[PDB]
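**Student:** The structure that follows is given in the form of C-alpha cells.
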Amino acid sequence: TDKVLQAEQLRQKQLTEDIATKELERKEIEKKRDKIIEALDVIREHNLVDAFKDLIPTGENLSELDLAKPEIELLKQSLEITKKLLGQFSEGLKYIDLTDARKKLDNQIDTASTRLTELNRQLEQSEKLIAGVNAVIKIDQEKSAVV
Amino acid sequence: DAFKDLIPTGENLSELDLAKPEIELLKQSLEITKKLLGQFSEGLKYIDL
Amino acid sequence: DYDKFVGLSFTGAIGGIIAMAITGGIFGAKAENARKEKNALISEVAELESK
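Structural data, given as C-alpha cells:
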C-alpha cells in the first residue's frame, strides 16, 4: 500500500507539473496572438466610407487645360483607382491569412484545453485514489490505537 | 467647425476669370465630399466606441 | 473579431465587380455562418450561466 502510495503520489505530481506546463504553453499561445490582433487592427483603418474617401482623391487633380487630354488625364485616374483597389485586395488577403492564423491558434488553445480537461479528470481520479489511500493509512494508525 | 470646413474648401489659390466656371468647382465639390465623409467615418467610430 | 470581420468583408465587397463577387461569396457566407455559430456559443455560455 505504501509503494502504491508513493508511486501514485509521484505520478500525480508529474501529472500536476505537466498540467501546469500545458497551462504555460497555452498562455504563451495566447501571447502569440497579440501580434496578429495588433497587425489586423493597424490594418483596420478603412470602413465603408474610406473607400469613397479614396475614390475622391483619385478623382482630384492639379493641372487642367480644358483640351487635348480628355482621356489622357483619365489614364492616371483609372490607374490610381486600380492602385487603391489592389491596395485593398492584398491587405485583404493578408487579413484572410492572419484570421486563418487566428483559427489555427484557437484550435491549438482548444486542443490544449481538452488535454487540460482530460488530465484534470485523471488528476481528480488520482485525488480520489490518494485520498482513499491516506484515509486507510489513517485508519491503520487509528486501528493500531484501538489495538 | 462644420462651417469652418465649408469655408476653406470654398477658398482658392489661382484664378483666371474664364474657362473654368465649373472645372474649378470640381475640386470644390470633391473636397466638400471629402470633409463630409471625413465627418461620417469618424462619426461611425464614435458610434462604435 | 466578428465586427472587424464584417467591416473588412464589406470593404472587400464594395470595391469593384469581382471584389463584390469573391468577398460576398466567401465572407458574405462566412459572416452569417460564423455569426450563427458564435451566437450558438453565446447561447451555450448563457446556458452554463443558467446551469
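If you read the protein sequences in the order shown, they are chains M, N and C.
According to the authors' numbering, the first sequence is numbered sequentially starting from 149.
According to the authors' numbering, the second sequence is numbered sequentially starting from 198.
According to the authors' numbering, the third sequence is numbered sequentially starting from 259.
For each residue, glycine too, the CB sits at the ideal point set by N, CA and C.
Answer with buried or exposed for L234/N, where buried requires no fewer than 16 other C-beta atoms within 10 angstroms of its C-beta.
**Tutor:** Buried, because 16 or more other Cβ atoms sit within 10 Å of the Cβ of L234/N.
**Student:** Excluding five sequence neighbours on each side, which residues of the same chain lie with their C-beta closer than 7 angstroms to the C-beta of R263/M?
**Tutor:** Counting only Cβ-Cβ distances below 7 angstroms, and skipping sequence neighbours, we find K170.
**Student:** Under the rule that 16 or more other beta-carbon atoms within 10 Å means buried, what is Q160/M, buried or exposed?
**Tutor:** It is buried - the Cβ of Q160/M has at least 16 other Cβ atoms within 10 Å.
**Student:** State yes or no: is the C-beta of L277/M within less than 8 angstroms of the C-beta of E193/M?
**Tutor:** No, Cβ-Cβ distance for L277/M and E193/M is not below 8 angstroms.
**Student:** Kindly indicate if chain N contains any beta-carbon less than 8 angstroms away from that of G207/M.
**Tutor:** Yes, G207/M counts as interfacial toward chain N.
**Student:** Is it right to say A199/M is buried, meaning 16 or more other beta carbons lie within 10 angstroms of its own, or is it exposed?
**Tutor:** Buried.
**Student:** Closer than 7 angstroms by C-beta to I276/C: which residues in its own chain qualify, once you throw out the five before and the five after it? Chain order, please.
**Tutor:** Closer than 7 angstroms at the Cβ level, and outside the excluded window around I276/C, lies no residue.
**Student:** Which residue comes first and which comes last in the alpha helix (DSSP H) that contains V197/M?
**Tutor:** Unbroken run through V197/M: none, as it is neither H nor E.
**Student:** Listed from N- to C-terminal order along the chain, which residues in the stretch 211–243 of chain M have their beta-carbon within a distance smaller than 7 angstroms of any beta-carbon of chain N?
**Tutor:** Those residues of the stretch 211–243 of chain M that come within reach of chain N (Cβ to Cβ, closer than 7 angstroms) are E212, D214.
**Student:** Is the shortest distance between the beta-carbon of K201/M and the beta-carbons of chain N less than 8 angstroms?
**Tutor:** It does; some Cβ of chain N falls within 8 angstroms.
**Student:** Using the rule of at least 16 other Cβ atoms within 10 Å of the residue's Cβ for burial, across every protein chain shown, is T281/C buried or exposed?
**Tutor:** Counting Cβ neighbours within 10 Å, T281/C comes out buried, since at least 16 surround it.
**Student:** Quick one: which chain C residues come within Cβ less than 7 angstroms of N195/M?
**Tutor:** Result: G265, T269.
**Student:** For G270/C and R293/C, I'd like the C-alpha separation in whole angstroms.
**Tutor:** Their backbone Cα atoms lie some 18 angstroms apart in a straight line.
**Student:** Output yes or no for whether 8 angstroms exceeds the beta carbon distance between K232/M and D202/M.
**Tutor:** A contact, by the Cβ cut-off of 8 angstroms.
**Student:** Considering only the beta carbon of each residue, do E208/M and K217/N sit closer than 8 angstroms?
**Tutor:** Cβ distance not < 8 angstroms, so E208/M and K217/N don't count as in contact.
**Student:** Quick check: the Cα distance between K286/M and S292/M, rounded to an integer number of angstroms?
**Tutor:** Cα to Cα, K286/M sits roughly 10 angstroms from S292/M.
**Student:** By the 10 Å Cβ neighbour count, where 16 or more other Cβ atoms means buried, how is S267/C classified, buried or exposed?
**Tutor:** It is buried - the Cβ of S267/C has at least 16 other Cβ atoms within 10 Å.
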